[PDB]
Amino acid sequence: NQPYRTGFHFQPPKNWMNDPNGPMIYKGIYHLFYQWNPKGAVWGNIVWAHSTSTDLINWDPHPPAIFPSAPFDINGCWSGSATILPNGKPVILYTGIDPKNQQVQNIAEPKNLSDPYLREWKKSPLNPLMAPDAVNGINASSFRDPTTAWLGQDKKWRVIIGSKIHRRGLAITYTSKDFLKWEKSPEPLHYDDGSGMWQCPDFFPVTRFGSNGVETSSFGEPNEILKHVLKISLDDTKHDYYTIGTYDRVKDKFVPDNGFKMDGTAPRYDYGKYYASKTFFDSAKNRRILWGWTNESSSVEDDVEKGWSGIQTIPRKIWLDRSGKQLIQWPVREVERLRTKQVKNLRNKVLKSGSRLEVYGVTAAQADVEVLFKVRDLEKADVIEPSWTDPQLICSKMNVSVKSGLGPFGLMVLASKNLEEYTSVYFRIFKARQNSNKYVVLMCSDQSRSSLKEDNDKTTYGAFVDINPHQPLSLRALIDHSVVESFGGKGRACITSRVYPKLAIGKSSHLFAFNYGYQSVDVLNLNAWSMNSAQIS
């Protein structure tokens, strides 16, 4: 009755969904809460719906845990997070709205401490632990989204909240004696002028040279080398920006790396439809999982008709790149279990100027794509014009049918029978200069013809990929009907989007490997795997 729902991602079986809340692991069992509306498909009566997992793919439902049932949140149960106590106990810090509509911070512990499901959450009476008042003085309507809490070189527990002072975005921190009495720190971990409110802030360390993530309370180790990443969801831009740096424990301030603010030149986790993103430390695999919400690119009139709004992007694994100034993301390996026992392959195939070879035997609407493009003679690449600095902007000013020396060439997913409607993520190579052997790799995700219904978020997203076009260029594509996640250079580039085709659905879907550019490129290899369904609820 509806071909726009995902088969292996995650979403409620009905109604609106928002921010990802309190992601963690306890007794080998992962947990996921989130902003959910039990009444309709439009933001409302938000509650902390629950679900659990053993492979971050299959989810078992559970009745809402944090919902309005006390003064301190009688008007709403906003986003929060869960900290792992130095004994294995998992609590929660969430923003509730009290009887006089003002963002207060409340804490919540579990009931049956032995229950591996933690379905019943107990909410302290001392709540709220933190609230905007006459002394702290802050926009009571702009003090929410508390992060996970990290100890320190002492007993002092630290955490930050997202606020704003006259357009001055920041992260208010509160030191805690023993996770009960919280003192309002007289200085934000950081802040940035210009950018509005700071939402869904997240603060966590990353080892420099290591794939597996680091704990949340790790401090100055003489053997291991740590770095820090503060990410915050912006308001007036609806994107996610992070930044890497150091953390002077003295002034409890965050110091980004060599000239890098949180807005202006700040990198995005995802250069497409991403939001409310948040991480969490996996004790079991020693990795850091990254959750992201991702709006609904369909008109609301649709969310009301289809009965649902909001999907959750596949948990990603992030970590610092070798260069040290960019996070590397790549979906959880355990998801490749939904891959059909079969295997669609294609190796050593030429892509003549403006050619395209179809990928046949595969659920074109629910698969895992993956290509390795090879570019010969990089010299044929064009030299970028000055102005072209914003990735997104270039991909929007130069659609798919506009040729380039090296490009455009990538994938066409959920493509229609004869291309009346298709999606096209691809690459374009240019020279940074002319003789200073340095190239720029453009990753574009065109949405202009993603569907036939003019009423959809057709905005195209753009991004740059820090890879060396000397070797082959990678590009993966998770395919799941309405949602498509793009990955370039092994995650180095993550552009996700939402499509709603009228002809490209179910068994009527097609895939396509193209190259409509001048110079012809080669397909060193390409594997498309059909993807079975995941038990979501």
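Residue positions are given as counts along the sequence shown, with the first one as 1.
Checked against the record, the higher mean CA B factor of 376-384 and 251-259 lies with 251-259.
Stretches 235-243 and 138-146 differ in mean C-alpha B factor, with the higher average recorded for 138-146. In the deposited coordinates, the residue among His228, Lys278, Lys397, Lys184 with the greatest CA B-factor is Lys184. Highest CA B-factor among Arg428, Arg322, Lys349, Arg288, as stated in the entry: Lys349. Ranked within its chain, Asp192 lands in the middle third, by CA B factor from the PDB record. Sort the chain's modelled residues by C-alpha temperature factor and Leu32 lands in the lowest third, per the entry. For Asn58, the recorded CA B-factor ranks within the lowest third of the chain. Only modelled residues enter the ranking. Sort the chain's modelled residues by C-alpha temperature factor and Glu370 lands in the middle third, per the entry. For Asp457, the recorded CA temperature factor ranks within the middle third of the chain's modelled residues.
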